[PDB]
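Have a look at the structure below before the remarks.
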Amino acid sequence: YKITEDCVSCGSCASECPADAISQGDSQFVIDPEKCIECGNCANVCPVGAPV
Amino acid sequence: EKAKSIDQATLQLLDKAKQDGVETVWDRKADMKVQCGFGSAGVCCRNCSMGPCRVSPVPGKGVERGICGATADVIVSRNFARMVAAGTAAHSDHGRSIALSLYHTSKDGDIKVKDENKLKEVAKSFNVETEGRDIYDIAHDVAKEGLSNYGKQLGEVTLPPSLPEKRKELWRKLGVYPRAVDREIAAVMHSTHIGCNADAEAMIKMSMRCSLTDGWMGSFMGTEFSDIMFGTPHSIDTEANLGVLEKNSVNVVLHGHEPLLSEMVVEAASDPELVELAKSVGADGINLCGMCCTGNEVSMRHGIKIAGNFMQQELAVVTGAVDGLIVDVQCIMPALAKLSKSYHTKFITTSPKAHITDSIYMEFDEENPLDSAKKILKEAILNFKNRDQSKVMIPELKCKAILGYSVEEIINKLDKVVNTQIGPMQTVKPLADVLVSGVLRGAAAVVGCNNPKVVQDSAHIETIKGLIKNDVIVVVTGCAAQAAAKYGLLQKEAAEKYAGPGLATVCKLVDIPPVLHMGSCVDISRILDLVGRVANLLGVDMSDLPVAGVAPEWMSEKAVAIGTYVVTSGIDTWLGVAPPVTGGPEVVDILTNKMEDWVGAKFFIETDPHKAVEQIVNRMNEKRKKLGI
Amino acid sequence: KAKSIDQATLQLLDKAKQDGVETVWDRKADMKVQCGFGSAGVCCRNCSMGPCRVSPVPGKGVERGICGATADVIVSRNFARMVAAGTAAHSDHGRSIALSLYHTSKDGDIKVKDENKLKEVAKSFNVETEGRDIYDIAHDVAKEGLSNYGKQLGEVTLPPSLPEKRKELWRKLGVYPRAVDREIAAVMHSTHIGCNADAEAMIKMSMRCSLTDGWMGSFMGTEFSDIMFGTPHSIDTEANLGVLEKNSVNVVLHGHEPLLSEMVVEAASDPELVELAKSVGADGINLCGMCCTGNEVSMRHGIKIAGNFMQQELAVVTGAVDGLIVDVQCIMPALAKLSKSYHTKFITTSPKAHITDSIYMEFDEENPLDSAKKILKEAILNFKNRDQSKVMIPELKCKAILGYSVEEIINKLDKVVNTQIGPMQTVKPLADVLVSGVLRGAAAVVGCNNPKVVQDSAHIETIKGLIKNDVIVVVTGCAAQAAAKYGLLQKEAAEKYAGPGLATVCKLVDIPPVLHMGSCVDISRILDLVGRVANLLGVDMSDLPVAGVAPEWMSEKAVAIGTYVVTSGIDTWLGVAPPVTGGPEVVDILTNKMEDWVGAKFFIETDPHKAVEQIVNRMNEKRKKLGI
Amino acid sequence: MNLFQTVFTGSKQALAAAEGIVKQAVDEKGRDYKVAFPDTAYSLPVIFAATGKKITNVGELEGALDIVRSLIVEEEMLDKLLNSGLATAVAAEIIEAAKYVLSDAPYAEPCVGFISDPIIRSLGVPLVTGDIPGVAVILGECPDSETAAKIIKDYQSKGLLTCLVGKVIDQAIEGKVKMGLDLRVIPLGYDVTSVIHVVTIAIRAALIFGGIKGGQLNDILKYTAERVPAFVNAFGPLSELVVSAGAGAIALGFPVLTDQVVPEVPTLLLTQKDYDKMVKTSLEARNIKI
Amino acid sequence: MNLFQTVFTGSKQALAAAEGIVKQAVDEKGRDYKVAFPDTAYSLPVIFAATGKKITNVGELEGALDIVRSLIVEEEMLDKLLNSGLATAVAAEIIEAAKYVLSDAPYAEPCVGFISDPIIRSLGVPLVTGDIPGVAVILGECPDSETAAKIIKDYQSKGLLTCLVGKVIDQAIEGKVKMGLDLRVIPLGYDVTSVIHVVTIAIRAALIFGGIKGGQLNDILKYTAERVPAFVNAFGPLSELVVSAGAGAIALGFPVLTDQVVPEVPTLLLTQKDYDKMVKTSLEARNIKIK
Ligand code: SF4
Ligand code: SF4
Ligand code: SF4
Ligand code: SF4
Ligand code: SF4
């Protein structure tokens with residue numbers, strides 16, 4: 282899963298992430314590909330649908 | 020998935036709303052999806068433009084402090100205090116309007132004095148002379164004293180005589196003794212400003228101090244002045260739920276909180292010209308129905324039918340039969356403005372305090388209340404010609420209810436079980452006797468709103484039924500009272516259907532339902548009054564009594580202020596919806612543990628109604644064992 | 079980016095890094111990307127059905143909250159609550175001052191020091207003065223001022239400098255102020271769930287509330303403070319963190335309430351306390367002020383100013399602050415934590431502003447002098463715990479001139495009045511230079527710091543640009559303190575930065591190009607000044623070439639200030655965007671439609687040079703409208 | 125000790141006394157020895173009404189203690205309090221039956237003890253007619269003999285059938301109160317349990333006049349509450365056993381009035397210190413018209 | 462029309478008149494014809510002071526119009542207003558120089574026109590010693606002859622040197638004011654441009670007594686502002702040209718007093734309607750003390 286610039290940094294995906302791959306960065310939250318279990322729960326928990 | 024309501028009429032209208040392609044509060048709640056965790060825990064702050072700041076709801080992990088250095092406890096406590104201040108402001112503005120109306124009463128005017136004995140007793144409570152005086156001079160002096168309670172900067176405020184001396188002394192020692200209402204709201208708003216108060220205990224104490232000006236001054240004065248001007252409620256029959264709407268009559272629904280407008284609309288509905296106009300537009304007559312607290316007021320004083328509580332307001336329009344929807348202030352979903360576009364309904368705002376975009380604004384003129392109400396009602400009546408009867412669906416579901424149980428009415432009912440050779444009459448002594456003997460285990464107040472987070476009316480009904488089954492007499496206000504009315508608990512027959520043995524015996528002896536509707540949200544002051552009298556009769560503080568308050572499905576800031584002042588008065592309060600405080604461990608500990616050391620009561624957070632009933636019974640029993648009864 | 083333009087600030091930030099302590103800059107960095115919904119103002123938490131967040135972009139995503147409230151409604155309610163909070167802070171300050179005035183006596187700790195000012199104020203409040211005891215007059219004036227806060231019947235009392243045209247415009251618009259606490263309560267009521275869901279009405283209610291701050295709360299606080307503690311006059315002082323002394327006890331006064339700082343200043347001259355400071359091995363007592371309380375004591379006594387808002391932590395980082403005494407407002411709670419890393423005694427004194435893990439010594443207003451003396455004695459005794467090896471005071475201090483109240487400005491203007499023409503003791507020379515075009519206009523620079531902006535950069539750049547364009551600048555609060563640190567509060571600055579017309583005016587009147595008019599409540603003075611000018615020219619305040627700027631604001635008080643300045647008819651530039659971008663209707667109201675209501679509007683501009691250009695263009699437009 | 129705990133303690137004391145006296149009867153006379161009341165057709169009326177069983181021998185009397193045990197559930201709800209009062213009534217009846225089987229003549233004049241069925245039938249005609257508008261059950265001791273005599277003779281002059289339990293009998297004798305069935309002043313006995321001898325008057329009134337069959341306990345209680353105009357005037361200090369017996373009277377729908385400070389229950393348990401108004405207070409509480 | 466626009470308009474009108482009269486001089490005398498003022502070593506003093514250039518022929522007089530053009534920048538800042546006032550002063554000097562070119566004696570008595578250098582040296586010593594407390598530049602017209610005579614003789618009785626421009630010359634004659642160099646009442650001319658003849662007195666005072674070389678304009682303006690106690694009393698309605706010339710007087714540090722409603726500038730441009738206090742107002746405005 283990969284996050285996009287559409288992210289407004291609401292922090293919902295970060296915590297919801299089972300594997301905790303998602304971390305806050307310089308301009309938006311980011312997804313670590315190596316530890317992402319491809320569940321897609323972050324996409325579900327997003328008011329703007331940034332995680333793709 | 021989860022059911023939206025336990026009420027069948029609500030479910031039928033939700034199916035109709037789905038068929039009509041209109042959105043409801045349930046649909047918007049679904050669209051909101053997973054709500055923000057930071058805001059839900061109360062660890063988000065936006066009090067200055069250095070922010071927004073969010074700190075971790077879990078201590079020891081993540082970001083600990085806001086930019087200014089404020090901890091999670093500070094952010095949570097300030098957010099809670101601002102909720103209390105907002106609720107206090109709403110109630111105090113309602114009471115201030117009532118006092119100003121009292122100040123403008125006259126013998127030949129639209130607003131008169133209808134209960135002179137109540138006014139004389141209130142004048143006694145305000146140190147206003149009455150003997151050999153004109154009634155309206157007394158009314159104006161009482162109104163002046165009440166208004167001074169709101170904004171006096173020197174001296175002490177005036178509190179009702181039912182408040183025990185011990186409770187006042189405890190407040191003074193704790194530092195929460197109330198000042199003028201607007202002054203306390205301003206104090207809370209000042210101390211939550213960036214770089215002011217960063218100590219959770221002091222913040223909670225300031226919020227308690229502010230809430231006291233609501234419970235014992237604002238709501239109390241509003242209730243008593245409303246009784247003076249519009250009559251003290253007495254036991255009266257009415258009908259509840261959406262079935263009260265008439266297909267063949269003009270349907271005028273009064274929504275909101277301020278009672279002067281609804282009183283004037285009720286008076287205008289009997290005007291011969293308006294009745295003739297309703298006949299001429301092709302209707303059988305005028306059918307006034309009330310919703311939420313204004314519906315509670317007009318129903319307590321005149322038996323006006325109650326159409327429904329908070330989360331039913333939209334569904335009232337969904338019937339397609341509401342020709343006019345007249346709203347003043349508070350708990351008026353703005354979505355109504357959009358929703359009324361899909362029907363013929365005139366959505367009429369009347370208060371400069373509550374403008375709603377795309378609604379029809381007809382300012383209610385307090386200088387000429389009756390003429391202004393007649394004009395608004397004439398607009399509603401004339402809209403009946405735009406009714407589309409093919410879109411009308413009114414569920415055949417309505418329920419008989421009995422209400423009007425003011426403290427005076429309760430005392431009058433209790434006089435029935437007083438032996439004349441013993442006495443005394445006109446006291447709360449029979450209630451104190453049944454509580455002390457253990458025939459009644461206690462008294463519980465069920466108050467509050469609906470909330471989409473809870474199956475609508477489910478928690479209210481389950482809590483009330485559990486309490487009365489455990490021989491706890493229940494007094495209800497607001498949307499909880501209206502849920503009880505719709506369900507059928509506000510009936511004498513309910514005593515033998517739901518109550519336990521002791522409460523059933525008490526209901527049979529006193530000839531009352533097991534659930535007593537004491538009025539609107541401001542009428543929660545009546546409950547305080549009642550408890551205070553009982554305490555004053557037993558020579559104890561209100562925290563020594565087996566009493567409790569429950570808010571199973573609360574949503575509003577007013578509910579937060581109510582729970583805060585109920586706990587501060589010494590009455591344990593159960594909340595069926597978690598307030599946004601879980602992010603601050605210190606605030607949770609203060610509200611649920613340390614408050615008992617301060618004021619002898621505390622908050623209980625319990626989302627399971629059956630568990631809440633069990634906890635309430637256990638707490639009442641332990642307070643009884645402390646008291647020796 | 080750079081953390082500040084001030085070199086002393088930078089040296090102390092390096093020291094704080096070496097000491098392992100965190101600052102406001104570090105916490106701002108830790109916050110990282112702040113929430114977009116809250117930044118745009120489209121998040122709502124006004125009821126427990128929420129939290130609700132709607133899309134800041136119309137036509138996309140979630141449009142309404144659960145109750146049905148739109149983005150414009152959510153934005154407008156959030157803005158109104160910010161205004162109500164700022165109004166509450168200022169009104170509580172003024173209420174404390176009015177109560178102190180009510181408790182004045184001839185032989186008490188709090189006296190009347192300016193009887194002429196009291197008599198003029200009594201005239202403004204319809205209080206008789208002829209053949210009356212001065213303290214009876216003071217008590218009557220205090221009673222009238224207190225009634226302004228909570229009267230439920232009748233009209234409030236407003237200063238005579240407010241033009242009649244502005245009052246009539248307010249009455250027609252429906253924003254004419256009521257009692258201050260009543261207006262705060264009204265704003266809080268109408269933002270409750272299910273009340274006001276119309277942005278225009280919400281903004282008008284917020285303007286109505288802010289008027290009770292600008293013209294009643296702050297105004298009464300300022301005038302009663304002048305009555306009790308003296309009207310400010312031209313006075314010299316020193317600014318920036320270099321004013322701290324290594325070999326003396328250093329007592330730093332932080333906050334806003336002036337009575338405590340006045341009593342501390344008086345106590346510092348007590349012979350017993352001076353002897354005690356000598357006995358603990360110190361050369362003496364060095365009082366330094368920060369933020370608005372520092373501004374007050376500096377305007378009235380020349381107390382050195384240690385620094386403005388975002389420098390407070392760095393004052394402790396020096397290791398030389400023996401006692402930091404705080405009353406209320408803009409007191410970073412992190413100070414308590416920071417005080418653990420040094421010997422500093424962090425003393426809270428007000429029941430309104432408890433701070434966890436600070437030393438609480440409640441300031442007793444019944445015996446203000448003795449209470450101040452015991453607090454100061456605690457600060458002095460802490461000098462024995464000083465660790466001189468941890469002390470680093472940058473050798474960076476700057477001379478400043480302040481004390482420019484309206485009365486002082488009028489006294490200075492009297493010099494350029496021809497005796498054979500007159501009149502004396504008016505604002506007429508200032509009106510003349512403005513009308514003739516020698517001065518293009520007057521601009522008020524106010525507001526806080528904000529980590530979002532390089533600290534003091536926007537203040538200094540805006541002020542220098544304005545004075546270069548022959549716009550005379552009046553400064554208050556942390557902006558005024560930034561000007562003091564930089565060196566703009568100097569007569570020499572006139573020939574170094576000002577344009578030709580302003581340099582000539584400064585030479586003729588013998589004033590700096592930048593006039594420090596006091597604390598944030600003293601912004602009322604600015605209103606007073608502008609009002610007088612308007613009343614002298616027979617026009618409304620919206621016809622004048624005047625403006626207000628808040629280059630680096632952070633507080634809710636700043637929001638209320640900008641709102642009442644715009645409502646009074648003065649265009650306001652904001653150097654930090656307020657959380658309103660999510661509501662297009664609210665943006666349109668604040669920046670476009672407001673001009674139709676009150677003749678002024680907000681300008682949002684984060685580039686100071688562009689802000690200066692826009693201010694000059696707008697002033698020229700208003701001059702062309704006025705014919706000057 | 126609150127009202128519920130007082131009633132439970134009294135019921136337990138009554139059960140203990142019943143167990144002791146039944147053990148004594150078993151030791152002296154044997155479990156086959158006959159158990160009966162003089163000239164009755166309902167065996168032990170309270171047990172017969174509660175369960176329908178007729179107690180005929182001492183072994184059955186010992187087995188009747190299980191009824192008392194099962195009627196005592198120590199939970200603070202009104203139904204349990206009424207059941208505990210009924211347990212006290214059953215225990216008192218068992219004690220009286222054991223007294224009758226132990227001694228040939230348990231009661232010596234002026235005490236009459238058990239009231240036979242023919243007396244009940246004789247009193248039934250003036251009961252329903254209205255010549256007897258109520259039954260005044262006076263228990264305990266008044267502060268003086270004069271006040272006891274005054275109250276008793278006020279009830280007598282109003283036509284009420286007054287029954288006396290305890291030291292009030294001696295006070296009335298000192299007060300020159302003329303006693304007898306025709307004079308409507310019946311001394312039952314000096315012990316508290318003797319009050320059961322008027323309770324069985326009401327119970328059998330439901331069995332004879334009402335026609336309710338044995339074992340229909342709720343019907344019997346309803347009949348006593350709505351048809352038998354009985355009330356209790358408890359004078360002097362009240363022990364837990366007296367309060368439990370009063371709870372039994374309340375379970376039969378008979379209000380209890382006392383001059384002592386008690387946890388009052390409206391229309392059921394009332395305190396009246398003024399001895400000059402006790403008669404009127406009782407007539408109002410029992411809704412009796414003279 | 463605000464103060465800045467009034468001054469710019471006046472300067473443009475002064476430039477227009479200068480261009481027209483220079484064209485007449487070129488057409489009648491040619492660009493080789495000599496241009497000079499009677500008995501002076503500073504050529505045209507204002508141009509020599511501002512630029513250091515001496516103008517000798519008509520062709521250079523035509524080339525001096527570019528100085529006026531370069532001094533008029535229509536931007537509403539104080540420095541541009543002062544430069545535009547100096548533009549009016551240069552244009553007025555060009556007009557007066559062309560007057561001497563076109564007509565051999567352009568001024569008829571009582572008007573004296575240009576003031577020669579020996580006269581300046583004659584009255585320079587009293588200017589330094591304070592025997593002449595100040596220079597009263599009176600131009601325009603008073604409401605009546607007696608008002609002008611009263612003010613002029615009030616200045617004369619105090620020892621001030623008063624110069625007259627415009628209809629006040631005739632009003633003073635009707636008021637019987639004795640005019641002369643020894644009487645310190647000098648009528649310059651009936652046209653507004655004749656006020657340049659007292660301006661060059663202050664300019665050459667810097668050149669002769671201050672020892673400032675030509676082209677050092679800022680030093681000369683500083684000298685006239687501190688050393689020459691001159692002031693302007695403008696009576697009667699004021700055209701844009703009069704206001705722009707007053708801006709020229711202000712550029713030299715000379716305050717302008719008037720009885721007309723104007724956009725007053727403190728210490729520089731003042732309105733005094735009371736003719737009974739105009740002398741005292743001017744003395745205070747110019748810091749003049751009479752011993
Ligand atoms: S939920 Fe969406 S908007 Fe929020 S932080 Fe994650 S990607 Fe960004
Ligand atoms: S797909 Fe699942 S594991 Fe991967 S980032 Fe999203 S929530 Fe985390
Ligand atoms: S008050 Fe503090 S925590 Fe709240 S937004 Fe401002 S800096 Fe952040
Ligand atoms: S509660 Fe705070 S973090 Fe959550 S959406 Fe709202 S502003 Fe953003
Ligand atoms: S007031 Fe409306 S938008 Fe705000 S939290 Fe409540 S439901 Fe959501």
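Each protein sequence line maps, in turn, to chains A, B, C, D and E.
Take the first sequence: its position 10, counting from 1, is numbered 291 in the numbering used here, and each next residue is one higher.
Take the second sequence: its position 275, counting from 1, is numbered 294 in the numbering used here, and each next residue is one higher.
Take the third sequence: its position 63, counting from 1, is numbered 141 in the numbering used here, and each next residue is one higher.
Take the fourth sequence: its position 230, counting from 1, is numbered 354 in the numbering used here, and each next residue is one higher.
Take the fifth sequence: its position 169, counting from 1, is numbered 630 in the numbering used here, and each next residue is one higher.
Just so you know, even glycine gets a beta-carbon here, dropped at the ideal spot from N, CA and C.
Distance, residue j Cα to residue i Cα
i, j, result
"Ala335 (chain B)", "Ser378 (chain B)", "17 Å"
"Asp649 (chain C)", "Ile545 (chain C)", "18 Å"
"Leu32 (chain B)", "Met330 (chain B)", "12 Å"
"residue 2 (chain B)", "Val493 (chain B)", "Look at the range of chain B in this structure, 20 to 648, and you will see that residue 2 (chain B) is not part of it."
Within 8 Å, strictly: CB atoms of residue i and residue j
i, j, result
"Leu586 (chain C)", "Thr719 (chain E)", "no"
"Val161 (chain B)", "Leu178 (chain B)", "no"
"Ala633 (chain E)", "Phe692 (chain E)", "no"
"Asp201 (chain B)", "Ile262 (chain C)", "yes"
"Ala431 (chain C)", "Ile409 (chain C)", "yes"
"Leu389 (chain B)", "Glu286 (chain B)", "yes"
"residue 762 (chain C)", "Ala158 (chain C)", "Lying outside 79 to 706, the shown extent of chain C, residue 762 (chain C) is not represented and no answer is given."
Integer Cβ distance of residue i from residue j, believed to fall under 8 Å
i, j, result
"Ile395 (chain B)", "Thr369 (chain B)", "7 Å"
"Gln54 (chain B)", "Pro129 (chain C)", "5 Å"
Simplified DSSP assignment, three categories, for residue i
i, result
"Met306 (chain C)", "helix"
"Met619 (chain C)", "helix"
"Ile508 (chain E)", "helix"
State whether the stretch 414-429 of chain B contacts the stretch 516-523 of chain B, with contact taken as three or more CB pairs (one from each stretch) at a distance under 8 Å. Too few Cβ pairs lie closer than 8 Å, so no.
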